[PDB]
Amino acid sequence: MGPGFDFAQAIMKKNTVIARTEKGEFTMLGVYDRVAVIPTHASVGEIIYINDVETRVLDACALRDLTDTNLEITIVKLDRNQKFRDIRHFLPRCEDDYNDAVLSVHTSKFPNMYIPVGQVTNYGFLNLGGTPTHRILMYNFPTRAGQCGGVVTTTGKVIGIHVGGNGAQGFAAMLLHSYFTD
């Protein structure tokens, strides 16, 4: 409808695939080459389905901060025959708060979904499903089962991926430029 949705749509059309593990269907953000991100609770194994195609996982790393606390981001390298558009220049370099964000989801359950979530808070620590978690972003929308892996954007920035909610608020894990240096 406006420039926030325009940016969100541009990311969804070129930089997302549907990922299926034994824990369900997730929106998966492609970042560069054959490297993508998914919530760690997707439990990525040796094989994953990408747009319903059986795909070997060449590598998977569950990120933790230097305090050895969960970040709830898994970086996956896929044995795919095609590269993602490199979007690393849209990643923030530092932890921050944001205005006027969009959460975008693309699954079988929720195709072409865009939610204006509004103000995003650098929340920091969250007990997520019983797991101490750092670098959490918070927004005041009643997010639901099905939205995990959803992409959080502002105009010109890809800031996080949806990892949970409590019925009133939704929670995202921050994406930082430093996670994807090659």
Side-chain angles (χ1 to χ4, degrees), residues 8 11-12 16-31 35-46 48 57 59-77 90-110 113-154 157-181:
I11 301 300
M12 297 303 293
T16 63
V17 298
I18 305 179
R20 178 179 281 291
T21 71
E22 293 174 334
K23 313 297 158 101
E25 227 176 42
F26 297 86
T27 303
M28 169 177 265
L29 180 71
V31 182
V35 178
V37 293
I38 192 182
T40 294
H41 71 256
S43 302
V44 177
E46 301 309 288
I48 193 165
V57 174
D59 190 48
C61 177
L63 300 179
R64 301 178 79 85
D65 73 14
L66 301 181
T67 76
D68 193 23
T69 307
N70 180 52
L71 294 168
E72 199 55 20
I73 301 290
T74 290
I75 309 184
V76 176
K77 195 167 166 186
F90 301 130
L91 304 169
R93 262 121 186 266
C94 62
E95 308 180 18
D96 210 351
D97 317 288
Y98 299 90
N99 289 312
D100 198 359
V102 173
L103 166 62
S104 48
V105 167
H106 191 82
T107 64
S108 302
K109 181 176 206 165
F110 296 142
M113 167 186 293
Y114 303 82
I115 312 170
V117 291
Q119 273 214 330
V120 181
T121 304
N122 177 2
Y123 195 77
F125 170 89
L126 187 70
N127 190 359
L128 178 67
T131 298
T133 303
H134 286 166
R135 282 179 179 157
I136 292 290
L137 295 163
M138 180 268 302
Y139 29 93
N140 283 299
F141 193 88
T143 55
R144 312 222 205 99
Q147 276 146 219
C148 284
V151 185
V152 187
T153 64
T154 65
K157 294 197 266 56
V158 180
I159 67 167
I161 61 167
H162 191 75
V163 294
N166 61 28
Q169 301 168 318
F171 296 106
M174 287 178 196
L175 295 171
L176 297 175
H177 186 95
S178 54
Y179 299 163
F180 300 104
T181 60

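Computed over heavy atoms, backbone and side chain alike; hydrogens, waters and symmetry mates excluded. Numbering of residues begins at 1 and proceeds along the displayed sequence.
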Notebook entry, point to check: Would a distance-only check, ignoring hydrogens and angles, find a side-chain to backbone donor-acceptor pair under 3.5 Å from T67 to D65?
Noted result: no

Next item on the list: Please round to the nearest 0.5 Å and tell me the distance separating atom CG of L128 and atom CG of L71.
Entry: 11.5 Å

Item checked: Side chains of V158 and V31 in contact at under 4.5 Å (non-hydrogen atoms) -> no

Note to self: Could you report the tightest heavy-atom contact between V120 and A101, atom names first, then the distance?
What the structure shows: CG2-CB, 3.4 Å

Checklist line | With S108 via side-chain contact (heavy atoms from CB on, under 4.5 Å) - residues at least two apart | finding: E25

Next item on the list: Decide if atom CZ of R144 counts as having more than 12 heavy atoms of other residues, nucleotides or ligands within a radius under 6.0 Å.
Entry: no

Next item on the list: State, to 0.1 Å, how close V102 and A8 come at their nearest heavy-atom pair, and which atoms those are.
Entry: CG1-CB, 3.8 Å

Margin query: Counting only heavy atoms from other residues, nucleotides and ligands, does the tally under 6.0 Å from CD of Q119 exceed 12?
Written below: no

Checklist line | Plane angle bin for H134 and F125 - parallel if under 30°, tilted between 30 and 60°, otherwise perpendicular | finding: perpendicular

Next item on the list: Give a yes or no on this: more than 12 heavy atoms of other residues, nucleotides or ligands lie within 6.0 Å of atom OH of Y114.
Entry: yes

Next item on the list: Under the side chain to side chain contact (heavy atoms under 4.5 Å, CB included) rule, what do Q147 and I115 come out as? Steps first, then yes or no, please.
Entry: CA-CA 10 Å; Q147 276 146 219; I115 312 170; 4.2 Å; yes

Next item on the list: Return the minimal non-hydrogen interatomic distance between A19 and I48, and the atom names on each side.
Entry: CB-CD1, 4.2 Å

Margin query: Between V76 and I38, is there a side-chain heavy-atom distance shorter than 4.5 Å?
Written below: yes

Next item on the list: Check the pair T121, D97 against side-chain hydrogen bond (donor to acceptor under 3.5 Å, both in side chains), reporting the backbone distance first and the verdict last.
Entry: CA-CA 5 Å; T121 304; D97 317 288; 5.2 Å; no

Item checked: Side chains of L103 and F141 in contact at under 4.5 Å (non-hydrogen atoms) -> no

Notebook entry, point to check: Around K77, counting heavy atoms of other residues, nucleotides and ligands shown, do more than 12 lie under 6.0 Å from its NZ?
Noted result: no

Checklist line | Within-4.5 Å side-chain heavy-atom neighbours: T27 and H162 | finding: no

Check: Can you check whether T153 reaches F90 side chain to side chain, under 4.5 Å on heavy atoms?
Finding: no

Next item on the list: Please tell me if the side chains of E95 and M174 come closer than 4.5 Å, counting only heavy atoms from C-beta onward.
Entry: yes

Notebook entry, point to check: What distance do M12 atom CE and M113 atom CE have between them, rounded to the nearest 0.5 Å?
Noted result: 10.0 Å

Note to self: Does any part of the side chain of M138, heavy atoms only, come nearer than 4.5 Å to the side chain of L126, both counted from C-beta?
What the structure shows: no

Item checked: Shortest non-hydrogen contact between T74 and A60, atoms and distance -> CG2-CB, 4.2 Å

Check: Which heavy atom of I73 sits nearest a heavy atom of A173, and at what distance?
Finding: CD1-CB, 3.5 Å

Checklist line | CG on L29 to CG on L91, rounded to 0.5 Å | finding: 8.0 Å

Next item on the list: Report the C-alpha distance between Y179 and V37 in whole Å, list the side-chain angles of each, state the deciding distance to 0.1 Å, and finish with yes or no for side chain to side chain contact (heavy atoms under 4.5 Å, CB included).
Entry: CA-CA 10 Å; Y179 299 163; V37 293; over 6 Å; no

Check: side-chain contact (heavy atoms from CB on, under 4.5 Å) with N166: which residues, sequence neighbours excluded?
Finding: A168, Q169, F171

Next item on the list: Look only at the side chain of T21 and the backbone of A42, and say whether a donor-acceptor pair between them is shorter than 3.5 Å.
Entry: yes

Item checked: Heavy-atom pair with the smallest gap, counting every atom of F26 and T107 -> C-CG2, 4.1 Å

Note to self: Just verifying a value: how many Å separate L175 CG and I161 CD1, rounded to the nearest 0.5 Å?
What the structure shows: 6.0 Å

Margin query: Would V163 and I136 count as a side chain to side chain contact (heavy atoms under 4.5 Å, CB included) here? Give the steps.
Written below: CA-CA 9 Å; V163 294; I136 292 290; 4.1 Å; yes

Next item on the list: Answer yes or no: is there a side-chain heavy-atom contact under 4.5 Å between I75 and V35?
Entry: yes

Notebook entry, point to check: What distance do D100 atom CG and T154 atom OG1 have between them, rounded to the nearest 0.5 Å?
Noted result: 8.5 Å

